[PDB]
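Notes for the one structure printed next.
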Amino acid sequence: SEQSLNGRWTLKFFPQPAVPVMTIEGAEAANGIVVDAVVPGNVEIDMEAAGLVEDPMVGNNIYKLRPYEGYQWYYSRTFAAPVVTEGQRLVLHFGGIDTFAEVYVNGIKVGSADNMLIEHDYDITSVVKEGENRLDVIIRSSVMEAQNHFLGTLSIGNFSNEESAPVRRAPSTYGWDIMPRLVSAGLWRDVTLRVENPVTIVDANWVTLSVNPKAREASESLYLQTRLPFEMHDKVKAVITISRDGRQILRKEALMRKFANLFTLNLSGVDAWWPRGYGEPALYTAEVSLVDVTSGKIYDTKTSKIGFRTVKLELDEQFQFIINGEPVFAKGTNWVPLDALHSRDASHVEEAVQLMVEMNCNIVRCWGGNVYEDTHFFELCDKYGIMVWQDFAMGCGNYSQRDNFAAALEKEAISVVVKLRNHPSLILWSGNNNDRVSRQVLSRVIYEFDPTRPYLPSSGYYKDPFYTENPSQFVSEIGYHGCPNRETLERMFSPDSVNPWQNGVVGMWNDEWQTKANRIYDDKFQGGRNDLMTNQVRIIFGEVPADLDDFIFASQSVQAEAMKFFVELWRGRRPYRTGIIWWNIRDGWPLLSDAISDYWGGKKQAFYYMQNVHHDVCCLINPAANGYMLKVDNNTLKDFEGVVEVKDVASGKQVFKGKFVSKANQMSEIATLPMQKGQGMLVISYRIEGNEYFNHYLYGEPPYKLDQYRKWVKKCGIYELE
Amino acid sequence: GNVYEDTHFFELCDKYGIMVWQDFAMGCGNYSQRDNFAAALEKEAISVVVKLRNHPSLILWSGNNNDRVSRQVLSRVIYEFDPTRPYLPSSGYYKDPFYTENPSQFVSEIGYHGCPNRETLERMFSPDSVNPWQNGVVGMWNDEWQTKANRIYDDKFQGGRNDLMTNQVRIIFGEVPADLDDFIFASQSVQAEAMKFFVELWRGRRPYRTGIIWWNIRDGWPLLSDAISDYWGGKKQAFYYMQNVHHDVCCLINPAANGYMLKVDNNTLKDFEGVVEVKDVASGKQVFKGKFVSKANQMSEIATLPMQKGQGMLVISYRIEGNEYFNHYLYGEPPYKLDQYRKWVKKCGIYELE
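Top line first, the protein sequences correspond to chains A and A'. A prime marks a further copy of an entry chain.
Counted the way PDB author numbering counts, the first sequence spans residues 24 to 340, 349 to 464, 484 to 509, 536 to 798.
Counted the way PDB author numbering counts, the second sequence spans residues 400 to 464, 484 to 509, 536 to 798.
Encoded structure:
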């Protein structure tokens, strides 16, 4: 059984002195404040519930959490230890400790945590009592831990904070241009008590050796590691079961004559796992149990949903992902922190993944500035067919080449790889970077613990040749600023600061708008990152509107047209272009950013534009001095037939009407359209297998008139001005 | 896969002139890349290198394998503690093109199964299990024979490794003999002809071929294996065949659709002169007689012999500096008749059927 230690804990906080508190008698003796804390949680959530801090999402209140970065946090609770039989093991499991802390059980230290991003398991079998036991965790300041290290030259001056270089925490917690500075602390993931038998499963590594999708065959390997007392050798059998919706497909039983074994399962009548568009995300329940051959008692059982899929990164001799022997075109978003207070991430995962399902992304890149997402995130990507590109947790910056950092990074890499290597959605590991970390440490971990996935050591006007003539087949990062919806503006800003213009002077941002750009520290300055919004609006629409609703529509339209153009340009230049990962789909804080949706679920206009150019089959138009090139792109393994009609919005004249055949996994040209005069919009209507789809193309050259573009969008009949 | 031999082993190889290729103790398998295993392997490598680096017979260190162990740890130990020896990070029908058209100048591993002598069978097997056929059914091994294949764990199954003995016999001699003594002679003859052919093929294709290391000479347990001698000293028939094609100067014959190519190979630094005679065993007809000059450390061709009809054996007799030497060549193509091959071996006058 598994007993949960989540719930109400006791939290005592106080400023950290020159000598950090490491013991219990020191934590109880320190003059501090005591509050009721919820675990999993962040300490700022507990303090806001106590009325001690104000909502950091509103105004400049984010800077008011500054003093608590030098505090210590004393967690303490009491649990009932279950009765253990002789030979069993009692494990205390922490899913998330932020970050540097000493763990005590019954006044005895059981471990010292030093990594925010990985789990920490402790054996407390010999230190527990009978009845109620006391658990104590004394966390110290993450910021002050940086001064225990001497930084290398290239670790200073990067965009990532110097405080983030020598420690193993999410880099964006120290502040970024898309995430606030909120280091925080606390037990931000589950804390559980586990009772393990003498015979228990240490790890079950499922690996697809081969997959024959057209034959509905697959060869799956199970690298099983167990704890097996020698008196249990030749007396325990491993029971392997592959099932789908309850129906049993294969059952293999084998006697456990050694603690580690490889079982190869040659399956038939099983479907392959495919990313979105290229097929179904077929998942099968894989269960392994350790059963006594005499009494039949089950000692342990591991269950998960696995997918039969092969992954190969073909480096062009600038790459292309090969899934099940087929070259897929990757279209997706970068994944940023779901929340600055990362204990709330698990409450956003389901709804945020749905943003990618609605977008019809087939790939997602987990940004190295974020924590590693939990298992439930990958379980969702498994069943929705979203491939996962995982960067290791290092941000814009170079890191130490010494042995201490390598050992800490090796311990972290092995932990996260073992935790995630069995998800079919996971397809790539990246160093996000001569470097020991990217070309030796991380590559050596992938070499030993996951040889079946590739490892990569490193990663104005939207029609400007900088974007157009970029020779990369696979773009990994690309984004344009977009002002959030009015409702999100009124919620995060003070009433007198909702309008951005200080004194009404167009272009000069007030202090609260400068905070939500994002200004990491509270320095009073004018301009900076927010000027990107007015600059991009001034280019496309000539002048920056003074009215807020006009400025919202203008800024969201610039982001919408720019983002839609990049996707249509990459999908339209196949088969040379092999993939596009844009930045980004969702904000992790109430902020002014280049994401296409906010922290509160407010979808910007770019989200609807991007959604209509991410379909499995998409009719689009690419620019040409000869006029318009009507194309259709197919990101599936099937051919589709439809009828497409293009008419001019301002005149109502029909420019083209005819049927098309979209060949599988390729771009097909439909027709070349006559060049229209001046500026305007073409509406693209096409029907495929009884379903209506819609797209558009804005012709002409900037500067455009804002009021004219708005009429064209409303008459196009696709997007609401809202 | 073995321990490191002690000093007395290398002292013997020193005085008998046997070069030693030493693999580090890692077996068919990849190993950890972490620091703990590297430190343990480094401590082990330095110890064994310091212990053995002064023996003249020792000529090569091998990793038996991007790998830290083979391309960093072990190579770094050789770099510092023994820079005067090289370090290498890594290593059916016997006339099938898989063996014949193998382009490697130096073969490191090659072997064929051979049933041990009757005396070794009766010693390691229970009396009712000495005969391999369970219920007399030819091909089905009893449990004790399945154990000595070798079955690592006591799983009751049929077939597996032991089927290699009957398969190789069925190829060369058409059918598997039911009589034990016939099966012993058939299995040992298949191993003997296959092993002798590989050595004669590599020695006969010099100077392109540079060396051959066959597997293996002795068993380390009472077992059914591809070694040419058992744990109790029982020499299989392949040992005597191999011995006659390992001489410093060896007259041998390599196959050709044109017939037979009588060659002589020299693994010395001296030239030798002799007289060689080849006659057919079944007919007694003399096929060739004449003198030869074997140039040092090279293969020299003597003559091309006329192609004989059907199947048979040629006996090769040659005298060098007052010493008689003997070899043979089996011509024709399988399947052969077991009783006919046995007569040819007995009349060849070299190997005893025992």
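Ideal placement from N, C-alpha and C gives every residue a C-beta, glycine not left out.
Closest option to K707 of chain A, judged by alpha-carbon separation, among A:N771, A:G462, A:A72 and A:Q271: A:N771. Counting C-beta atoms within 10 angstroms of its own C-beta, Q95 of chain A has 16 or more neighbours from the protein chains shown and is therefore classed as buried. For the alpha helix (DSSP H) assignment, the uninterrupted runs of no fewer than 4 residues enclosed by the stretch 165-207 of chain A are, from N- to C-terminal side, 165-168. At a cut-off of 8 Å between beta carbons, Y497 of chain A contacts chain A'.
Per DSSP, the unbroken alpha helix (DSSP H) holding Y543 of chain A starts and ends at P541 to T544. At a cut-off of 8 Å between beta-carbon atoms, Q490 of chain A' makes no contact with chain A. Considering only A':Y684, A':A438, A':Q602 and A':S761, the residue with the shortest C-alpha distance to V725 of chain A' is A':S761. As the crow flies, the alpha-carbon of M584 of chain A is around 32 Å from that of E67 of chain A. With contact defined as three or more Cβ pairs closer than 8 Å, the stretch 487-503 of chain A' and the stretch 624-641 of chain A' are not in contact.
Judged by DSSP in its simplified three-state form, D413 of chain A' adopts helix. Interface criterion met: the Cβ of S431 of chain A' is under 8 Å from a Cβ in chain A.
Residues of chain A' with a Cβ closer than 8 Å to the Cβ of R494 of chain A are, in chain order, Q432 and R486. Note on geometry: alpha-carbon atoms of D159 of chain A and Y97 of chain A lie some 7 Å from one another. Annotated three-state conformation of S318 of chain A is coil, per DSSP. Beta-bridge analysis with DSSP links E745 of chain A' to A':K707. At a cut-off of 8 Å between beta-carbon atoms, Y597 of chain A' makes contact with chain A. Taking the beta carbon of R280 of chain A as reference, the chain A' residues within 7 Å of it are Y597, listed in sequence order. In this structure, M279 of chain A keeps its C-beta atom at 8 Å or more from the C-beta atom of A305 of chain A. Closest in alpha carbon position to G110 of chain A, among A:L386, A:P79, A:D146 and A:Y684, is A:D146.
Between the stretch 614-631 of chain A' and the stretch 557-568 of chain A', the count of C-beta pairs closer than 8 Å reaches three or more; the two stretches touch. Distance from the CA atom of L336 of chain A to the CA atom of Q432 of chain A, rounded to whole angstroms, is 28 Å.
Here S738 of chain A' carries a strand assignment [DSSP, helix/strand/coil]. Using a 10 angstroms sphere on the CB of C397 of chain A, the tally of other CB atoms reaches 16 or more, which defines it as buried. Taking the CA atoms as reference points, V395 of chain A sits about 20 Å from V449 of chain A. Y597 of chain A' has its alpha-carbon roughly 14 Å from the corresponding atom of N284 of chain A. Following the DSSP letters along the chain, one finds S446 of chain A in no beta strand (DSSP E) but inside the alpha helix (DSSP H) bounded by residues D434 to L451. Across the structure, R375 of chain A and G64 of chain A are spaced so that their CA atoms are roughly 7 Å apart. Between the stretch 657-672 of chain A and the stretch 689-706 of chain A there are fewer than three C-beta pairs closer than 8 Å, too few to call the two in contact. By a beta-carbon distance limit of 8 Å, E381 of chain A does not contact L338 of chain A. Their separation comes to about 35 Å. Under the three-pair Cβ rule at 8 Å, the stretch 565-579 of chain A does not count as touching the stretch 684-692 of chain A. Note: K592 of chain A' is not bridge-paired with any residue in the DSSP secondary-structure output. Annotated as proximal: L28 of chain A and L216 of chain A, with beta-carbon spacing under 8 Å.
Shown here, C792 of chain A sits in a helix according to DSSP, grouped into three states.
Positions of the alpha helix (DSSP H) runs, each at least 4 residues long and wholly inside the stretch 649-696 of chain A', are given as 681-687 in order along the chain.
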